[PDB]
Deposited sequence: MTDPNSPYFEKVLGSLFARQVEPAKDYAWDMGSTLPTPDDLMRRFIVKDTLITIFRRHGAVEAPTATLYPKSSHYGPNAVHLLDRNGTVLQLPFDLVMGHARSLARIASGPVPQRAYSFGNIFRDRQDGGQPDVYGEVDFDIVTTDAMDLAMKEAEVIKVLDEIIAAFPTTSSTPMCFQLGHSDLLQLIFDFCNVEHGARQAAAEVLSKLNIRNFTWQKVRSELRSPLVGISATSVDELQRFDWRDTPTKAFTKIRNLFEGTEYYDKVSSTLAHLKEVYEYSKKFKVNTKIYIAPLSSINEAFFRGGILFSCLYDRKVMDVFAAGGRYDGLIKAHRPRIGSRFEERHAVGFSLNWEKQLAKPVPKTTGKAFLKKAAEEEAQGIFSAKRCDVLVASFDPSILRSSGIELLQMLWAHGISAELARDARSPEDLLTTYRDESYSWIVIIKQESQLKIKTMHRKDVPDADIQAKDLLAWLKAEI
């Protein structure tokens, strides 16, 4: 109710942007700040590198992401908000689709890659004056200027996620499933159950948790019955007639049977044909993960108004989300002040794929170059290194050591494929570390490249 043009607003802005940071807040910013261990970092590199290999098979390129933009009303206080000097409230990305949709709505007309992936940061606010929590998210998006084969693009996105499942150990040998829904279906269900328009976004948000982390229909009913949402007891009864999932042919029949005599039938039928087409394309793409139709699917439905929704789940007795997405044509249109259509998923790849709970056998560094003579180390050692780098072999110089025992103790936390020790008179002792049945070999320095190549 405050006057937005109140002159106290400019007074405090200029006053605060003139203040230098107070020391208590400067120290509080990153007091208990920790960095991932270098073993975490190598795991992150293997995951990212595997992910890009999958994306590139599809002809995708990396696209840049928006870092900063006017706040969206679609987020609560755990989004990071910041003020620029002329008073606009800005946010850091909370997900990556918001900035991508805004960019697709606002950028000048021009060509955009059809298939693109992006690695960006998303942020969570903490209320202790510390820096925001930061997380790596990866998106894969298919953007077209024509509305042709919309269901086929959607099935390719599901296919990419199926390829990711197959590529990683945390997902390759565990039950996963896809659950497909559709914003038009959900809104027609809301029409069917006489859910008041002012309550639907709140209802969608509670439903997005249904059967995730043991958030059963009883919990859902509570929150929908709370006066913060305010759904009538009869409407919740009707919505519960849709609390199920099933394989597609069955689920399409159930749904048509639920809407049989209603005015909603033709629109639902259009929507089920689209899901059917997606399901059929997924069979052509050879998706191995089980597909379910879940009519109350609603994760981020405000972003996906008018389009398919999908989530990929850990399909165990208690389920959790692996990735989620949908067609966000409607989010693009809602941000226009050049038709563009987009479907994609978002994935927290570090949490789901990189944290430990094969591809991870790759070493940070294959060759350690060492010598017990400090002066040989800093001459011949350097000359071997640049040779190995010139032939694509990963290699690093050791610190000084007095004996093999002392060297391996110093490097007890590291893991190499080979440890090369430079002796006097151009002779190399090679300790093979990636096995244990292989004895140490002395070779001539001139043969190091041949010996390493022939070893593999």
{"query": "Segments lacking C-alpha coordinates (deposited sequence numbering, starting at 1)", "finding": "338 to 343, 364 to 381"}
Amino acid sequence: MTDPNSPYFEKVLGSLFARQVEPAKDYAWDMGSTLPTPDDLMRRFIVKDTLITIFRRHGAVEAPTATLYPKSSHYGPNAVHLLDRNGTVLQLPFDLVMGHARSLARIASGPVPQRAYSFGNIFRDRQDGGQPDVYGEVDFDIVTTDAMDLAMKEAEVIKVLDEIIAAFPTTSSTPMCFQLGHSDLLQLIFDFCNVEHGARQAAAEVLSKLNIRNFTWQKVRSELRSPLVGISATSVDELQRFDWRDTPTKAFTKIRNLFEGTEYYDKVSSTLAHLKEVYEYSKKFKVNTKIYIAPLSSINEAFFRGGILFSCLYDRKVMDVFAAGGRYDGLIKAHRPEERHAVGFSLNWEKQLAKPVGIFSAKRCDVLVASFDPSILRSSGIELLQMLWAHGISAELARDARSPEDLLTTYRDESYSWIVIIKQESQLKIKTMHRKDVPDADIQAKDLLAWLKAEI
From here on, numbers count along this sequence of modelled residues.
{"property": "226 to 234 versus 119 to 127 - greater average Cα B-factor per the deposited record", "result": "226 to 234"}
{"property": "Between 192 to 200 and 361 to 369 (mean CA B-factor, as deposited), the higher", "result": "192 to 200"}
{"property": "Largest Cα B-factor, entry values, listed residues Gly325, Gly99, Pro337, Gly87", "result": "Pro337"}
{"property": "Residue with maximal Cα B-factor (values as given in the PDB entry) among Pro295, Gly261, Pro374, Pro248", "result": "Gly261"}
{"property": "Position of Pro111 among the chain's modelled residues by C-alpha B-factor, lowest, middle or highest third", "result": "highest"}
{"property": "Third assignment of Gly381 from its chain's C-alpha B-factors", "result": "middle"}
{"property": "Among modelled residues of the same chain, the CA temperature factor third for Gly392", "result": "middle"}
{"property": "Chain-relative CA temperature factor third for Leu313", "result": "middle"}
{"property": "Chain thirds of CA B-factor: placement of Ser72", "result": "middle"}
